[PDB]
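In what follows, a single structure is set out as structure tokens and then discussed.
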Amino acid sequence: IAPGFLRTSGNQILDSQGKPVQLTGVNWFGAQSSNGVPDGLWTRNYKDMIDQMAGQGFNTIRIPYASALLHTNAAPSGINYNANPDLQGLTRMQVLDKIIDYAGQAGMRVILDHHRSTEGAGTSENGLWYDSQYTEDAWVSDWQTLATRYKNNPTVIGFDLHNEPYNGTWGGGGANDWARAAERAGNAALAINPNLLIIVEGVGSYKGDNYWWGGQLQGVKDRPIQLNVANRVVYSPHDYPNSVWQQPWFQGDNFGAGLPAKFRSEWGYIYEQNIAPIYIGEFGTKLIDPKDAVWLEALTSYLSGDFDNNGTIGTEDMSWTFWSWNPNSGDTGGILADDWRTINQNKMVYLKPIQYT
Ligand SMILES: [Br-]
Ligand SMILES: [Br-]
């Protein structure tokens, strides 16, 4: 991708020369945990991992973090400093700086994702972007601190304002209105860096329709995100297979035939109607449950622009980051095997045709 920040135009993400580009990467989680740094540095070197990502055709790293990362003085834990000698004596944020810096040198971009408030493993137990101790005020101010820190670094292209706010609502104006909260944090971040992409995930349910956490983007049609800087909003659904949860739209034979219409109903319509870009922030599978393959086959085809999954498709297709680069995800696994080095080729076969080239 051409150097400099990005922008949106219709359902397209454009580089600094007006050319449509595509973000096709992986999730590298860990910085939201108690260690305060992305996982795997207890056995791998951080430059070797980024090079391996780029060598597999990926160009984007979604990096989850926790609010607690921005206020802790604890040193990072777990890093093997024999294998990562350049990270010796660095703070948790300084290790993030090192990772972002090298990723830009390797031709990759970075999306920061507020995964949770406290240090933990996955999605916030609250289903919200705040709790009784980590306020929405501090969440907004923390996004301003991050925007300031990477204001002059176009490697950091976008802010994923919050991971899966499945207990928020799309509208209503109250304290749990995720659309209001996202517009508040988006404008606060854009006031410091107006060149950031503002990545807004969906909720969990909307007018009685329940979908994957983060993948319920049905509210955009009647109440879209409106920020004080134009051409910055990217919508980010999450989608997963039967092995993660036995959803009703996976049940019964011929379920795969109705998956394209299901993708379009919850979030895909935003791209098809040229409303805004679509960047699915999470999706993964171990490819053991046979229904998982039917889902991934339909999903990858839909993301490519084959909205009816028949075979027919100067714009780019939908952007995406796979869950995960890490192997240590219990339900989905990742791109790397448990040894944190071996590539799972059976997943790469699905991903390579929809990577940005
Ligand atoms: Br090193
Ligand atoms: Br933890």
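An ellipsoid equivalent to the stretch 213-337, defined through the eigenvalues of its Cα gyration tensor, has semi-axes of 25, 18, 14 Å when rounded to whole angstrom and sorted largest first. In sequence order, the stretch 50-56 has phi-based couplings of 5, 4, 5, 4, 5, x, 8 Hz under the Karplus curve 6.51 cos²θ - 1.76 cosθ + 1.60, θ = phi - 60°, and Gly or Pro positions carry x. Between amide H atoms placed 1.01 Å from N, distances below 5 Å from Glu282 occur with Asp239, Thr321, all of them 5 or more places distant or on a separate chain.
Counting every Cα pair in the chain, what percent are over 27 Å apart? In whole percent, the share of Cα-Cα pairs in the chain beyond 27 Å is 42.
Along its first, second and third principal axes, ordered by size, the stretch 59-139 spans 39, 29, 20 Å in Cα coordinates. Once the Cα-Cα distance is subtracted from the 0.36 nm per residue extended length, the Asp97 to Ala74 segment shows a gain of 6.6 nm.
Computed from backbone phi with θ = phi - 60° and the Karplus coefficients 6.51, -1.76 and 1.60, the 3J(HN,Hα) list for the stretch 175-191 is 5, 9, 6, 5, 5, 4, 4, 5, 5, 5, 6, x, 5, 5, 5, 6, 5 Hz; x is used for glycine and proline. Computed extension gain for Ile192 through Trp42, at 0.36 nm per residue and net of the alpha carbon distance, reaches 50.5 nm. Our coupling estimate for the stretch 113-120, obtained by passing each phi through the Karplus curve with A = 6.51, B = -1.76, C = 1.60 and θ = phi - 60°, is 10, 5, 7, 6, 8, 6, 5, x Hz, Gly and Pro reported as x.
In this structure, the amide hydrogen of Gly30, modeled 1.01 Å from its nitrogen in the peptide plane, lies closer than 5 angstrom to those of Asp39, counting only residues at least 5 positions away or on a different chain. Quarter the surface of the alpha carbon convex hull of the stretch 206-285 and you get the mean projected area, 5.9 square nanometres. Quick check on the chain: helices-only [θ] at 222 nm, where DSSP H runs of length 4 and up contribute -39,500 (n - 2.57) each and the sum goes over total residues. Nearest 500, please. Helices in the chain give a 222 nm mean residue ellipticity of -7000 deg cm²/dmol.
Taking trypsin sites (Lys or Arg not before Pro) across the stretch 95-151, the ones in a DSSP loop with at most 16 further Cβ atoms lying within 10 angstrom of their Cβ are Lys151. In this structure the amide hydrogen of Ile343, modeled in the peptide plane, comes within under 5 Å of the amide hydrogens of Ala337, none closer than 5 places in sequence on its chain. Among the GluC sites (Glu not before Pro) found in the stretch 75-177, those both in a DSSP coil and sparsely packed, with 12 or fewer other Cβ atoms within 10 Å of their Cβ, are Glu125.
Dividing the Cα radius of gyration of the stretch 73-114 by 2.2 N^0.38 Å, with N the residue count, gives 1.25.
For the stretch 1-58, the list of chymotrypsin sites (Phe, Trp or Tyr not before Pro) that fall in a loop by DSSP and count at most 16 other C-beta atoms within 10 angstrom reads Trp42. DSSP bridge analysis restricted to the chain gives an antiparallel fraction near 25%, rounded to the nearest 5. Taking every alpha-carbon pair under 8 Å whose residues sit at least 6 apart, the stretch 101-217 reaches a relative contact order of 26 percent.
In debye, nearest 20, what is the charge dipole magnitude of the chain about its Cα centre with +1 on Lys and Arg Cβ and -1 on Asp and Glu Cβ, if you could check? Using Cβ point charges on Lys, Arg, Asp and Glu, the chain gives about 660 debye. The Rg/Rh ratio of the stretch 47-185, with Rg taken over Cα atoms and Rh as the Kirkwood radius over Cα pairs, comes to 0.99.
Read-outs: derived from the displayed coordinates by stated rules, not from any lab. Note that we place each Cβ from the backbone using ideal geometry, even for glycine, and neighbour counts take in every protein chain shown.
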